[PDB]
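The next block holds one structure in the form of structure tokens; read it before the comments.
What follows is calculated from the coordinates using simple rules that are stated; it is not laboratory data. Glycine gets a Cβ as well: all are built from the backbone with ideal geometry, and neighbour counts include every protein chain shown.
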Amino acid sequence: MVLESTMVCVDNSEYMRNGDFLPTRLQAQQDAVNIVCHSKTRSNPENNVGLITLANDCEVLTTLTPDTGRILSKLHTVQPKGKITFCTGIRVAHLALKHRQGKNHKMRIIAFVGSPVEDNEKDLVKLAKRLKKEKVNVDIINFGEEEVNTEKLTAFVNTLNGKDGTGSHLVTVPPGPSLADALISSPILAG
Amino acid sequence: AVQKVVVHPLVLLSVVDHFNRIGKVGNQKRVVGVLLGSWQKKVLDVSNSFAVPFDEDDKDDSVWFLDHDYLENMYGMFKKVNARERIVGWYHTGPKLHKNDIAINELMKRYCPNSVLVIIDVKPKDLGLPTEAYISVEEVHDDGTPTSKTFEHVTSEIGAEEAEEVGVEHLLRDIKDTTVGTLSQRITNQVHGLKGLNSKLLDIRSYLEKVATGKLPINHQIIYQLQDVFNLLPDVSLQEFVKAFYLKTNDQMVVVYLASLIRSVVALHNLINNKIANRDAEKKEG
Amino acid sequence: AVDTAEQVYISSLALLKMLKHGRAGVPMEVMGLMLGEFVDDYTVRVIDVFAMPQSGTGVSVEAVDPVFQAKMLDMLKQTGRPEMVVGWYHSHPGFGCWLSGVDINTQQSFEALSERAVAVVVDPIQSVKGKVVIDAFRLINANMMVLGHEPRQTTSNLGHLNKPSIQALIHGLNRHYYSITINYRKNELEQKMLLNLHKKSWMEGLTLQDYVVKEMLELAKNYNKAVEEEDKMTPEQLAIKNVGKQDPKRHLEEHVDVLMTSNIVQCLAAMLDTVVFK
Amino acid sequence: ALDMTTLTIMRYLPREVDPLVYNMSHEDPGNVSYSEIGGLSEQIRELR
Ligand SMILES: [Zn+2]
């Protein structure tokens with residue numbers, strides 16, 4: 001029963017309203033959260049899952065909890081419209097994992113990007129080097145739309161996991177409609 | 001709403017005890033706790049309160065975390081102790097209000113329909129009262145300021161408790177008319193002369209400083225409207241207040257005289273009582 | 001293995017919470033758990049107190065909820081530092097401070113749980129800042145009765161303990177228990193903020209506007225002087241009286257200080273008239 | 001209403017069973033018929 005707590009970051013935006021992935025991108029994002037929460041529950045019952053929108057407002061939608069019932073309710077009525085603000089959300093997610101009293105549980109972040117982020121690449125790279133010092137694994141699955149090639153995120157992931165680091169997989173949105181199961185397989189195959 | 005914000009003494013101490021509890025880390029530079037109080041009437045009275053763990057970050061004041069579980073579990077257990085007790089707002093230290101306060105306020109607004117922020121200062125100074133009351137609302141300014149969403153100051157008061165200063169006031173206290181007009185006048189001159197001047201001085205500095213850093217010298221109607229209300233008296237030259245002559249000046253003499261004439265009669269009673277006390281009672285050679 | 005005149009230090013927050021919780025539950029004798037610190041046998045300080053949710057059973061050990069204690073402790077761990085509870089604090093309204101067989105049964109369980117197991121008995125009889133009806137009691141073992149109950153290495157502390165002495169109702173049930181001295185825990189900034197919030201706040205200290213004054217004063221000054229005119233007749237009687245045998249003459253009518261303070265403070269309004277304003 | 005422990009006035013509430021007072025109040029009924037026994041020659045004349 002490996003102990004891990006994951007502060008996932010969901011996305012709610014006009015981009016998320018687009019339904020190219022599955023019937024709706026938001027529904028597909030909810031499905032992706034459902035599998036990861038189930039996977040954490042299979043790995044350990046005590047595992048804590050918490051999520052928050054990284055768009056416009058980046059607070060805590062749900063405090064990390066072993067029970068997944070709160071996670072499902074937060075996914076319901078997510079309401080999408082805010083422009084993505086990944087930099088504020090990523091900083092909040094890393095510190096929030098430290099905030100949890102049970103720091104013994106392994107700390108991981110899974111995020112969904114629905115829109116291009118208007119941030120200096122150096123600024124996110126500086127956050128990524130700080131994230132590397134924090135040594136908390138972050139894997140991001142881009143959903144529906146993303147900055148072309150997620151170039152800033154690819155550099156951010158490399159800065160986050162450089163020098164033979166975890167190299168947590170970064171999933172650029174598959175072009176056009178993507179099956180949720182196709183999205184789920186890459187994180188299950190490797191972090 | 002929030003016509004007045006009485007804060008119970010027990011809550012006022014509770015903020016200070018929390019600051020000592022987190023005194024080990026001075027990085028936070030403020031103490032944040034859920035403020036629980038009863039909306040019995042328009043008057044808001046704060047009662048027993050608990051402090052939610054919170055971190056404020058200098059990085060754009062966007063890295064702010066409030067634990068949903070701590071706020072929900074503690075409030076429910078505290079509500080079980082008092083049915084009257086309900087979330088009524090939140091309390092923070094850090095006398096200068098941080099920009100992050102409005103974002104924290106939005107979460108506070110969600111928890112309580114008409115919540116309030118009390119900026120209690122754990123380190124007390126002089127003048128006024130420790131708690132500062134602010135309520136954040138969204139509206140369209142009549143003149144036309146964009147957004148017009150800001151905290152609004154509200155009147156604040158101290159709550160009533162029994163057997164509370166036996167721990168503290170018993171050592172000192174001065175409950176008598178002996179010090180009235182002996183030191184009480186000194187305190188008012190000490191603060192109205194200096195503290196009242198300091199706020200006016202801030203506006204006089206603002207004539208250029210508000211242009212330099214302030215919202216505007218010509219801004220916030222009450223800057224001129226309230227100042228003009230304060231200038232109910234003209235402020236300069238003829239005045240027509242103490243220079244009334246036939247009016248206030250003549251009255252001042254009548255009352256001062258009526259008050260003074262008692263003192264000549266007063267001296268008579270005190271002097272003769274001393275003469276009997278020493279001239280006869282002391283003089284008992286026997 | 002030897003008891004002493006140990007001192008229990010009550011933090012202001014613990015005392016304020018106990019009386020407020022007690023006042024709310026005075027009809028139903030509410031009980032609570034005292035989050036004290038066992039720093040050493042000689043000195044025990046209760047840094048914090050928390051109120052148990054009202055329990056139907058009473059002040060009994062069964063009434064205390066184990067689940068509530070664990071969850072409350074976890075909240076204390078996350079925010080600030082938690083401390084092991086010294087003992088149970090509770091209110092007996094009928095008898096200011098007293099001990100009961102029901103009380104001993106809970107006290108014994110707390111004694112088994114730890115050592116000092118201090119028990120506090122706050123009550124509705126109260127004064128604005130001078131009652132301290134609350135008292136602290138610790139049971140004495142029957143086996144320990146053969147041994148001296150409280151050997152004293154310090155005479156002065158026993159003398160301070162002697163000043164409270166015993167209560168007549170407490171004396172009735174005193175056997176099998178020993179009173180333990182309670183003192184306020186050191187209060188510094190905490191004392192200072194209430195001190196700042198006393199004359200300035202609890203008492204009237206507007207200060208900016210702290211300073212009737214000329215409207216009803218003329219009536220009060222005439223009335224007190226009229227009372228003096230009648231009262232001064234008694235001093236006139238004493239001087240005329242031979243008073244060979246000492247007799248009370250209703251002197252010290254005074255009111256001279258009351259007239260002096262009222263006339264002078266109102267006359268000090270001249271400072272407001274020409275100095276505080278223009 | 002008096003506080004159980006404080007013994008101070010809490011609210012003003014007026015409720016009295018007043019059984020004897022009810023007999024002295026509106027207990028008596030009024031007969032609707034103008035002429036239950038007729039005989040109204042002065043009853044609806046001089047008395048009215
Ligand atoms: Zn008891």
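Taken together, the residues in region C:133-142 that are within 12 Å of the ligand (Cβ to nearest atom) and among the aliphatic types (A, V, I, L, M) amount to 2.
Filtering region C:16-32 to residues that are away from chain B (no Cβ under 12 Å) and away from the ligand (no atom under 13 Å from the Cβ) leaves C:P27, C:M28. Screening B:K149 against (1) closer than 30 Å to A:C58 by Cβ; (2) surrounded by 16 or more Cβ atoms within 10 Å (Cβ to Cβ); (3) touching a helix residue (DSSP H, G or I) at 6+ places or on another chain (Cβ under 8 Å) leaves a single unmet condition, (2). A single member of C:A5, C:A51 is within 13 Å of another protein chain (Cβ to nearest Cβ), buried (at least 18 other Cβ atoms within 10 Å of the Cβ) and in contact with a strand residue (DSSP E or B) (Cβ under 8 Å, 6 or more places away or on another chain), and it is C:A51. Taken over region C:155-214, residues that are among the charged types (D, E, K, R) and in contact with a strand residue (DSSP E or B) (Cβ under 6 Å, 6 or more places away or on another chain) amount to 1.
Within region B:123-168, the set of residues being among the β-branched types (V, I, T), closer than 20 Å to C:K199 by Cβ and in contact with a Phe, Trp or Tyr (Cβ under 7 Å, 6 or more places away or on another chain) comprises B:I158 only.
Rundown of residues vs (1) within 16 Å of the ligand (Cβ to nearest atom); (2) surrounded by fewer than 17 Cβ atoms within 10 Å (Cβ to Cβ); (3) among the polar types (S, T, N, Q); (4) under 27 Å from C:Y42 (Cα atoms), yes/no style:
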residue: C:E111; (1), (2), (3), (4): yes, no, no, yes
residue: C:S114; (1), (2), (3), (4): no, yes, yes, yes
residue: C:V118; (1), (2), (3), (4): yes, no, no, yes
residue: C:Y177; (1), (2), (3), (4): yes, no, no, yes
residue: C:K192; (1), (2), (3), (4): no, yes, no, no
residue: C:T207; (1), (2), (3), (4): no, no, yes, no
residue: C:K214; (1), (2), (3), (4): no, yes, no, no
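Only a single item in (1) aliphatic (A, V, I, L, M); (2) closer than 30 Å to C:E229 by Cα; (3) surrounded by 13 or more Cβ atoms within 10 Å (Cβ to Cβ) is not met by B:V254, and it is number (3).
None of C:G101, C:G130, C:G96, C:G56 is within 16 Å of the ligand (Cβ to nearest atom), over 18 Å from C:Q7 (Cβ atoms) and surrounded by fewer than 15 Cβ atoms within 10 Å (Cβ to Cβ) except C:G101. Of the helices (runs of 4 or more DSSP H) lying entirely inside region C:207-278, the ones with 3 or more residues being more than 9 Å from every other protein chain (Cβ to nearest Cβ) are found at C:217-231, C:233-240.
Being more than 30 Å from B:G33 (Cα to Cα), within 12 Å of chain B (Cβ to nearest Cβ), within 16 Å of the ligand (Cβ to nearest atom) and crowded, with 17+ Cβ neighbours inside 10 Å is a description that does not apply to C:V122. Yes or no: B:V168 within 14 Å of chain C (Cβ to nearest Cβ) and more than 25 Å from B:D126 (Cα to Cα)? Judged against the criteria, B:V168 is not a match.
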